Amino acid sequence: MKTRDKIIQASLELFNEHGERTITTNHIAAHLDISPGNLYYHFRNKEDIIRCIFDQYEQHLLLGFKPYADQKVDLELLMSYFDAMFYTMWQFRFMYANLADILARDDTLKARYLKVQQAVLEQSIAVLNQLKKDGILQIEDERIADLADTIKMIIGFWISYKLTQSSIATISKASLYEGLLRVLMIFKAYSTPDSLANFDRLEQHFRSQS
């Protein structure tokens, strides 16, 4: 593992455990047992590290919500889209906790973030249309875009909702699965009779994980 990649992963872990705002590049270097000069060789400031993390976030997002080509339309395919919701919230939780402030202070990062959000929305609408063609969902064509955008809003803001509903300042995997189960509920209401059985197996799988 290249030192540059070690710096990116240590940063992500520290930001996820303690909040991005309180971690300095000197703390990151001490965590890796390197000089702050050694860190500067690879990254000149903290923003540049956060920019590389956003890129990692963005490529996983585009791949996790990509439309399906020749895959068979079965349970394993559906779980993969639900697994990508969980992964993104948990692996980049420092981001969801403080998105507005990170975007407001870096215009380059914000512009790239918006391009990806629009491309993820377009893929999601395609996925939903395919599930309709394949007999998994019943939705009026004119509402598929709205459903996709509403689910995207749930996943993106679930963490902030949880942080503002209690006196506890940390996110547990259990909090995240509660969120997936709310999305799974919404989708269950749009399912076809032929496909209700599968939504009950997804529900049982996620109640069992936590």
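Position 1 is the first residue in the sequence shown; the rest follow in order.
Trainee: What stretch has the higher average Cα B-factor here, 155-163 or 137-145?
Mentor: The entry gives the higher C-alpha B-factor average to 137-145.
Trainee: Take the C-alpha B-factors listed in the entry for 17-25 and for 194-202, compute each mean, and give the stretch with the larger one.
Mentor: Higher of the two, by average CA B-factor, is 194-202.
Trainee: Report the option among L62, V183, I34, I49 whose CA atom has the maximum B-factor in the deposited record.
Mentor: When the deposited C-alpha B-factors of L62, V183, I34, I49 are compared, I34 is largest.
Trainee: Using the temperature factors in the entry, find which of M85, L128, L77, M95 has the highest value at its Cα atom.
Mentor: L77 has the highest C-alpha B-factor of those listed.
Trainee: Relative to the other modelled residues in the chain, which third contains the C-alpha temperature factor of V120: lowest, middle or highest?
Mentor: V120: CA B-factor falls in the lowest third of its chain.
Trainee: Name the third of the chain's ranked CA B-factors that contains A69, choosing lowest, middle or highest.
Mentor: Highest third, going by the recorded CA B-factors of the chain.
Trainee: Would the CA B-factor of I168 place it in the lowest, middle or highest third of its chain?
Mentor: Highest third, going by the recorded CA B-factors of the chain.
Trainee: Using the B-factor values recorded in the entry, state whether the Cα atom of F54 falls in the lowest, middle or highest third among the modelled residues of its chain.
Mentor: As the PDB entry reports it, the C-alpha B-factor of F54 lands in the middle third of its chain.
Trainee: Quick one: classify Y41 as lowest, middle or highest third of the chain based on its Cα B-factor.
Mentor: Top third by C-alpha B-factor.
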